[PDB]
$ cat query-v2.pdb   # PDB, C-alpha atoms
ATOM      1  CA  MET A   1       1.455 -13.476  -9.558  1.00  0.00           C
ATOM      2  CA  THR A   2       0.398  -9.787  -9.575  1.00  0.00           C
ATOM      3  CA  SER A   3       3.009  -8.811  -6.947  1.00  0.00           C
ATOM      4  CA  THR A   4       1.154  -5.719  -5.666  1.00  0.00           C
ATOM      5  CA  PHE A   5       3.106  -5.834  -2.330  1.00  0.00           C
ATOM      6  CA  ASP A   6       6.433  -5.984  -4.290  1.00  0.00           C
ATOM      7  CA  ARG A   7       5.715  -2.766  -6.221  1.00  0.00           C
ATOM      8  CA  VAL A   8       4.557  -0.901  -3.044  1.00  0.00           C
ATOM      9  CA  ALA A   9       7.647  -2.137  -1.091  1.00  0.00           C
ATOM     10  CA  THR A  10       9.778  -0.637  -3.923  1.00  0.00           C
ATOM     11  CA  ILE A  11       7.815   2.687  -3.644  1.00  0.00           C
ATOM     12  CA  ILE A  12       8.500   2.700   0.158  1.00  0.00           C
ATOM     13  CA  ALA A  13      12.211   1.918  -0.538  1.00  0.00           C
ATOM     14  CA  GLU A  14      12.431   5.029  -2.819  1.00  0.00           C
ATOM     15  CA  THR A  15      10.533   7.139  -0.204  1.00  0.00           C
ATOM     16  CA  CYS A  16      12.449   6.518   3.075  1.00  0.00           C
ATOM     17  CA  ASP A  17      15.921   5.538   1.614  1.00  0.00           C
ATOM     18  CA  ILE A  18      15.707   1.847   2.705  1.00  0.00           C
ATOM     19  CA  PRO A  19      16.320  -1.592   0.903  1.00  0.00           C
ATOM     20  CA  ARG A  20      12.974  -2.972  -0.549  1.00  0.00           C
ATOM     21  CA  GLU A  21      13.911  -6.584   0.410  1.00  0.00           C
ATOM     22  CA  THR A  22      13.867  -5.848   4.198  1.00  0.00           C
ATOM     23  CA  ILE A  23      10.206  -4.675   3.903  1.00  0.00           C
ATOM     24  CA  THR A  24       8.103  -7.855   4.544  1.00  0.00           C
ATOM     25  CA  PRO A  25       4.253  -8.191   3.840  1.00  0.00           C
ATOM     26  CA  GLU A  26       3.621  -8.050   7.638  1.00  0.00           C
ATOM     27  CA  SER A  27       5.695  -4.827   8.135  1.00  0.00           C
ATOM     28  CA  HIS A  28       3.736  -1.902   9.678  1.00  0.00           C
ATOM     29  CA  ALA A  29       4.681   1.416   7.899  1.00  0.00           C
ATOM     30  CA  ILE A  30       4.538   3.470  11.154  1.00  0.00           C
ATOM     31  CA  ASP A  31       5.241   1.090  14.120  1.00  0.00           C
ATOM     32  CA  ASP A  32       7.808  -1.176  12.382  1.00  0.00           C
ATOM     33  CA  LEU A  33       9.426   0.740   9.444  1.00  0.00           C
ATOM     34  CA  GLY A  34       9.398   4.104  11.388  1.00  0.00           C
ATOM     35  CA  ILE A  35       7.628   5.941   8.500  1.00  0.00           C
ATOM     36  CA  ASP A  36       5.220   8.790   9.462  1.00  0.00           C
ATOM     37  CA  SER A  37       1.633   8.917   8.089  1.00  0.00           C
ATOM     38  CA  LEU A  38       2.546  12.103   6.052  1.00  0.00           C
ATOM     39  CA  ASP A  39       5.157  10.095   4.053  1.00  0.00           C
ATOM     40  CA  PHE A  40       2.531   7.328   3.675  1.00  0.00           C
ATOM     41  CA  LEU A  41       0.292   9.955   1.860  1.00  0.00           C
ATOM     42  CA  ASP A  42       3.159  10.409  -0.704  1.00  0.00           C
ATOM     43  CA  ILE A  43       3.588   6.569  -0.893  1.00  0.00           C
ATOM     44  CA  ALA A  44      -0.176   6.176  -1.574  1.00  0.00           C
ATOM     45  CA  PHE A  45      -0.044   8.944  -4.247  1.00  0.00           C
ATOM     46  CA  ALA A  46       2.856   7.036  -5.922  1.00  0.00           C
ATOM     47  CA  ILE A  47       0.626   3.885  -5.778  1.00  0.00           C
ATOM     48  CA  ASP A  48      -2.244   6.022  -7.217  1.00  0.00           C
ATOM     49  CA  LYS A  49      -0.059   6.624 -10.316  1.00  0.00           C
ATOM     50  CA  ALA A  50       1.590   3.137 -10.464  1.00  0.00           C
ATOM     51  CA  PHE A  51      -1.594   0.987 -10.326  1.00  0.00           C
ATOM     52  CA  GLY A  52      -3.829   3.740 -11.833  1.00  0.00           C
ATOM     53  CA  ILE A  53      -6.165   3.481  -8.790  1.00  0.00           C
ATOM     54  CA  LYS A  54      -7.776   6.056  -6.464  1.00  0.00           C
ATOM     55  CA  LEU A  55      -6.751   5.235  -2.849  1.00  0.00           C
ATOM     56  CA  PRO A  56      -9.207   6.928  -0.340  1.00  0.00           C
ATOM     57  CA  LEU A  57      -6.167   7.171   1.997  1.00  0.00           C
ATOM     58  CA  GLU A  58      -7.649  10.352   3.606  1.00  0.00           C
ATOM     59  CA  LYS A  59     -10.755   8.379   4.823  1.00  0.00           C
ATOM     60  CA  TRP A  60      -8.618   5.347   5.884  1.00  0.00           C
ATOM     61  CA  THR A  61      -6.343   7.555   8.055  1.00  0.00           C
ATOM     62  CA  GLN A  62      -9.509   9.228   9.452  1.00  0.00           C
ATOM     63  CA  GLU A  63     -11.041   5.788  10.377  1.00  0.00           C
ATOM     64  CA  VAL A  64      -7.810   4.871  12.233  1.00  0.00           C
ATOM     65  CA  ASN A  65      -7.730   8.166  14.233  1.00  0.00           C
ATOM     66  CA  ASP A  66     -11.542   8.120  14.952  1.00  0.00           C
ATOM     67  CA  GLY A  67     -11.357   4.504  16.324  1.00  0.00           C
ATOM     68  CA  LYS A  68     -13.466   3.129  13.402  1.00  0.00           C
ATOM     69  CA  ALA A  69     -10.420   1.097  12.312  1.00  0.00           C
ATOM     70  CA  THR A  70      -6.897   0.223  13.528  1.00  0.00           C
ATOM     71  CA  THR A  71      -3.709   1.517  11.869  1.00  0.00           C
ATOM     72  CA  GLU A  72      -2.655  -2.046  10.849  1.00  0.00           C
ATOM     73  CA  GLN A  73      -5.739  -2.604   8.602  1.00  0.00           C
ATOM     74  CA  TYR A  74      -4.506   0.089   6.093  1.00  0.00           C
ATOM     75  CA  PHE A  75      -0.809   0.753   7.107  1.00  0.00           C
ATOM     76  CA  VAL A  76       0.549  -2.875   6.938  1.00  0.00           C
ATOM     77  CA  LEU A  77       2.020  -3.947   3.535  1.00  0.00           C
ATOM     78  CA  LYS A  78      -0.191  -7.112   3.146  1.00  0.00           C
ATOM     79  CA  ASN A  79      -3.442  -5.253   4.017  1.00  0.00           C
ATOM     80  CA  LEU A  80      -2.549  -2.130   1.967  1.00  0.00           C
ATOM     81  CA  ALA A  81      -1.548  -4.337  -1.051  1.00  0.00           C
ATOM     82  CA  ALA A  82      -4.882  -6.187  -0.706  1.00  0.00           C
ATOM     83  CA  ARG A  83      -6.836  -2.823  -0.634  1.00  0.00           C
ATOM     84  CA  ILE A  84      -4.946  -1.761  -3.797  1.00  0.00           C
ATOM     85  CA  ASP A  85      -5.481  -5.115  -5.589  1.00  0.00           C
ATOM     86  CA  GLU A  86      -9.273  -4.893  -4.832  1.00  0.00           C
ATOM     87  CA  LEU A  87      -9.374  -1.394  -6.443  1.00  0.00           C
ATOM     88  CA  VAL A  88      -7.292  -2.680  -9.469  1.00  0.00           C
ATOM     89  CA  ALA A  89      -9.810  -5.557  -9.914  1.00  0.00           C
ATOM     90  CA  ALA A  90     -12.852  -3.240  -9.404  1.00  0.00           C
ATOM     91  CA  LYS A  91     -11.700  -0.707 -12.082  1.00  0.00           C
ATOM     92  CA  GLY A  92     -10.315  -3.410 -14.430  1.00  0.00           C
ATOM     93  CA  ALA A  93     -13.482  -5.641 -14.549  1.00  0.00           C
ATOM     94  CA  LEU A  94     -11.379  -8.181 -16.534  1.00  0.00           C
ATOM     95  CA  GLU A  95      -8.589 -10.155 -14.726  1.00  0.00           C
ATOM     96  CA  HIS A  96      -5.604  -7.984 -13.541  1.00  0.00           C
ATOM     97  CA  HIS A  97      -3.203 -10.989 -14.076  1.00  0.00           C
ATOM     98  CA  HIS A  98       0.338  -9.818 -15.021  1.00  0.00           C
ATOM     99  CA  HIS A  99       3.294 -12.293 -15.131  1.00  0.00           C
ATOM    100  CA  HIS A 100       6.889 -11.031 -14.570  1.00  0.00           C
ATOM    101  CA  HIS A 101      10.448 -12.123 -13.606  1.00  0.00           C
TER     102      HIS A 101
END

$ encode --input "query-v2.pdb" --output "structure tokens"
Amino acid sequence: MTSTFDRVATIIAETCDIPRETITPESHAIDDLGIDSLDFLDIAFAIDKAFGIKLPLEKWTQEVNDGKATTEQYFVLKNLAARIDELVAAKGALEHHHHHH
């Protein structure tokens, strides 16, 4: 299991001084966790380093605000982790499988 959510939940924990374990996959960064979109830029930049991916977070936030998309689709842990995991697979070409404890 490439626990993409797990690593991002840890990043969020470090960001907003909160326990990682209380962040569930269906937690909304803004509505639920009470984390502003500006902090979510820093979170995404920490993901950018961690996974070695380029999150177009600027366009995703723009889609939300311009009614192209809803906030949930990019700012919920399950959806965000899926976006990340797609970009890890796309850049990797080979399988991004990594086992851990």

$ resolve_selection --input "query-v2.pdb" --expression "the PyMOL selection byres ((chain A and resi 28) around 8)" --output "PyMOL selection string"
chain A and resi 26-27+29-33+72+75-77

$ closest_atom_pairs --input "query-v2.pdb" --of "range 46-78 of chain A" --to "range 82-101 of chain A" --cutoff "8 Å" --atoms "all atoms listed in the file" --output "tab-separated table"
residue	atom	partner	partner_atom	distance
A:51	CA	A:88	CA	6.8
A:52	CA	A:88	CA	7.7
A:53	CA	A:87	CA	6.3
A:54	CA	A:87	CA	7.6
A:55	CA	A:84	CA	7.3
A:74	CA	A:83	CA	7.7
A:78	CA	A:82	CA	6.1

$ atom_distance --input "query-v2.pdb" --atom1 "CA of residue 70 in chain A" --atom2 "CA of residue 47 in chain A"
21.0 Å

$ atom_distance --input "query-v2.pdb" --atom1 "CA of residue 40 in chain A" --atom2 "CA of residue 10 in chain A"
13.2 Å

$ atom_distance --input "query-v2.pdb" --atom1 "CA of residue 37 in chain A" --atom2 "CA of residue 2 in chain A"
25.8 Å

$ resolve_selection --input "query-v2.pdb" --expression "the PyMOL selection byres ((chain A and resi 61) around 12)" --output "NGL selection string"
:A and (36-38 or 40-41 or 44 or 55-60 or 62-75)

$ residues_near_point --input "query-v2.pdb" --point "(9.7, -0.4, -1.8)" --cutoff "12 Å" --atoms "only C-alpha atoms" --output "JSON, numbers by chain"
{"A": [3, 4, 5, 6, 7, 8, 9, 10, 11, 12, 13, 14, 15, 16, 17, 18, 19, 20, 21, 22, 23, 24, 25, 27, 29, 33, 40, 43, 44, 46, 47, 77, 81]}

$ axis_aligned_box --input "query-v2.pdb" --around "range 78-94 of chain A" --padding-each-side "5 Å" --output "AutoDock Vina command-line options"
--center_x -6.8 --center_y -4.4 --center_z -6.3 --size_x 23.3 --size_y 17.5 --size_z 30.6

$ decode --input "query-v2.pdb" --residues "range 16-101 of chain A" --atoms "C-alpha atoms" --output "PDB file, in the first residue's frame"
ATOM      1  CA  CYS A  16      -1.413  23.282  11.669  1.00  0.00           C
ATOM      2  CA  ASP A  17      -0.075  21.714  14.970  1.00  0.00           C
ATOM      3  CA  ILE A  18      -2.649  18.845  15.039  1.00  0.00           C
ATOM      4  CA  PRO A  19      -2.416  14.956  15.560  1.00  0.00           C
ATOM      5  CA  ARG A  20      -2.131  13.145  12.118  1.00  0.00           C
ATOM      6  CA  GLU A  21      -4.405  10.272  13.308  1.00  0.00           C
ATOM      7  CA  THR A  22      -7.493  12.554  13.702  1.00  0.00           C
ATOM      8  CA  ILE A  23      -7.199  13.551   9.989  1.00  0.00           C
ATOM      9  CA  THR A  24      -9.395  10.984   8.109  1.00  0.00           C
ATOM     10  CA  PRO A  25      -9.401  10.445   4.218  1.00  0.00           C
ATOM     11  CA  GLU A  26     -12.826  12.203   4.053  1.00  0.00           C
ATOM     12  CA  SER A  27     -11.635  15.295   6.044  1.00  0.00           C
ATOM     13  CA  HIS A  28     -12.027  18.631   4.176  1.00  0.00           C
ATOM     14  CA  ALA A  29      -8.901  20.857   4.762  1.00  0.00           C
ATOM     15  CA  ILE A  30     -10.963  24.105   4.941  1.00  0.00           C
ATOM     16  CA  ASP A  31     -14.542  23.206   6.098  1.00  0.00           C
ATOM     17  CA  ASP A  32     -13.618  20.372   8.519  1.00  0.00           C
ATOM     18  CA  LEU A  33      -9.964  20.824   9.685  1.00  0.00           C
ATOM     19  CA  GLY A  34     -10.280  24.696   9.764  1.00  0.00           C
ATOM     20  CA  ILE A  35      -7.138  25.155   7.580  1.00  0.00           C
ATOM     21  CA  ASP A  36      -7.099  28.183   5.199  1.00  0.00           C
ATOM     22  CA  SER A  37      -6.275  27.773   1.467  1.00  0.00           C
ATOM     23  CA  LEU A  38      -2.979  29.771   1.995  1.00  0.00           C
ATOM     24  CA  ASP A  39      -1.705  27.058   4.417  1.00  0.00           C
ATOM     25  CA  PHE A  40      -2.880  24.439   1.877  1.00  0.00           C
ATOM     26  CA  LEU A  41      -0.424  26.078  -0.671  1.00  0.00           C
ATOM     27  CA  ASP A  42       2.434  25.348   1.837  1.00  0.00           C
ATOM     28  CA  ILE A  43       1.027  21.786   2.392  1.00  0.00           C
ATOM     29  CA  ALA A  44       0.987  21.205  -1.410  1.00  0.00           C
ATOM     30  CA  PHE A  45       4.576  22.566  -1.717  1.00  0.00           C
ATOM     31  CA  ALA A  46       5.638  20.077   1.027  1.00  0.00           C
ATOM     32  CA  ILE A  47       3.884  17.326  -1.042  1.00  0.00           C
ATOM     33  CA  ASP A  48       5.713  18.695  -4.150  1.00  0.00           C
ATOM     34  CA  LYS A  49       9.026  17.880  -2.389  1.00  0.00           C
ATOM     35  CA  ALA A  50       7.889  14.636  -0.634  1.00  0.00           C
ATOM     36  CA  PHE A  51       6.443  12.803  -3.689  1.00  0.00           C
ATOM     37  CA  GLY A  52       8.676  14.689  -6.200  1.00  0.00           C
ATOM     38  CA  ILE A  53       5.540  15.792  -8.131  1.00  0.00           C
ATOM     39  CA  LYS A  54       4.343  19.140  -9.543  1.00  0.00           C
ATOM     40  CA  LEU A  55       0.886  19.922  -8.049  1.00  0.00           C
ATOM     41  CA  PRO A  56      -0.958  22.565 -10.242  1.00  0.00           C
ATOM     42  CA  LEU A  57      -2.559  23.729  -6.950  1.00  0.00           C
ATOM     43  CA  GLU A  58      -2.839  27.317  -8.346  1.00  0.00           C
ATOM     44  CA  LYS A  59      -5.166  26.104 -11.198  1.00  0.00           C
ATOM     45  CA  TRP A  60      -7.131  23.779  -8.828  1.00  0.00           C
ATOM     46  CA  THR A  61      -7.847  26.662  -6.392  1.00  0.00           C
ATOM     47  CA  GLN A  62      -8.794  28.825  -9.425  1.00  0.00           C
ATOM     48  CA  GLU A  63     -11.281  26.135 -10.694  1.00  0.00           C
ATOM     49  CA  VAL A  64     -12.920  26.042  -7.225  1.00  0.00           C
ATOM     50  CA  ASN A  65     -13.301  29.873  -7.030  1.00  0.00           C
ATOM     51  CA  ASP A  66     -14.454  30.203 -10.719  1.00  0.00           C
ATOM     52  CA  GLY A  67     -17.196  27.514 -10.224  1.00  0.00           C
ATOM     53  CA  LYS A  68     -15.433  25.061 -12.621  1.00  0.00           C
ATOM     54  CA  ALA A  69     -14.929  22.707  -9.655  1.00  0.00           C
ATOM     55  CA  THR A  70     -15.938  22.375  -5.977  1.00  0.00           C
ATOM     56  CA  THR A  71     -13.492  22.784  -3.072  1.00  0.00           C
ATOM     57  CA  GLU A  72     -13.957  19.109  -2.011  1.00  0.00           C
ATOM     58  CA  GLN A  73     -12.576  17.698  -5.325  1.00  0.00           C
ATOM     59  CA  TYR A  74      -9.026  19.042  -4.518  1.00  0.00           C
ATOM     60  CA  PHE A  75      -9.177  20.013  -0.753  1.00  0.00           C
ATOM     61  CA  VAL A  76     -10.393  16.637   0.716  1.00  0.00           C
ATOM     62  CA  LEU A  77      -7.610  14.191   1.798  1.00  0.00           C
ATOM     63  CA  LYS A  78      -8.891  11.201  -0.318  1.00  0.00           C
ATOM     64  CA  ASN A  79      -9.298  13.309  -3.507  1.00  0.00           C
ATOM     65  CA  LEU A  80      -6.020  15.243  -2.997  1.00  0.00           C
ATOM     66  CA  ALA A  81      -4.125  11.943  -2.290  1.00  0.00           C
ATOM     67  CA  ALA A  82      -5.648  10.473  -5.480  1.00  0.00           C
ATOM     68  CA  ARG A  83      -4.534  13.580  -7.541  1.00  0.00           C
ATOM     69  CA  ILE A  84      -1.005  13.160  -6.099  1.00  0.00           C
ATOM     70  CA  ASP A  85      -0.893   9.372  -6.718  1.00  0.00           C
ATOM     71  CA  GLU A  86      -1.965   9.959 -10.394  1.00  0.00           C
ATOM     72  CA  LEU A  87       0.953  12.438 -10.831  1.00  0.00           C
ATOM     73  CA  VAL A  88       3.385   9.950  -9.089  1.00  0.00           C
ATOM     74  CA  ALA A  89       2.239   7.200 -11.526  1.00  0.00           C
ATOM     75  CA  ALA A  90       2.376   9.565 -14.571  1.00  0.00           C
ATOM     76  CA  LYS A  91       5.999  10.694 -13.859  1.00  0.00           C
ATOM     77  CA  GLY A  92       7.133   7.225 -12.669  1.00  0.00           C
ATOM     78  CA  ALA A  93       5.884   5.211 -15.736  1.00  0.00           C
ATOM     79  CA  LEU A  94       6.855   2.032 -13.795  1.00  0.00           C
ATOM     80  CA  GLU A  95       4.753   0.970 -10.727  1.00  0.00           C
ATOM     81  CA  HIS A  96       4.997   3.388  -7.707  1.00  0.00           C
ATOM     82  CA  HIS A  97       4.507   0.402  -5.274  1.00  0.00           C
ATOM     83  CA  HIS A  98       6.306   0.997  -1.926  1.00  0.00           C
ATOM     84  CA  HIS A  99       5.733  -1.338   1.091  1.00  0.00           C
ATOM     85  CA  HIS A 100       6.227  -0.019   4.675  1.00  0.00           C
ATOM     86  CA  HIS A 101       5.357  -0.655   8.366  1.00  0.00           C
TER      87      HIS A 101
END
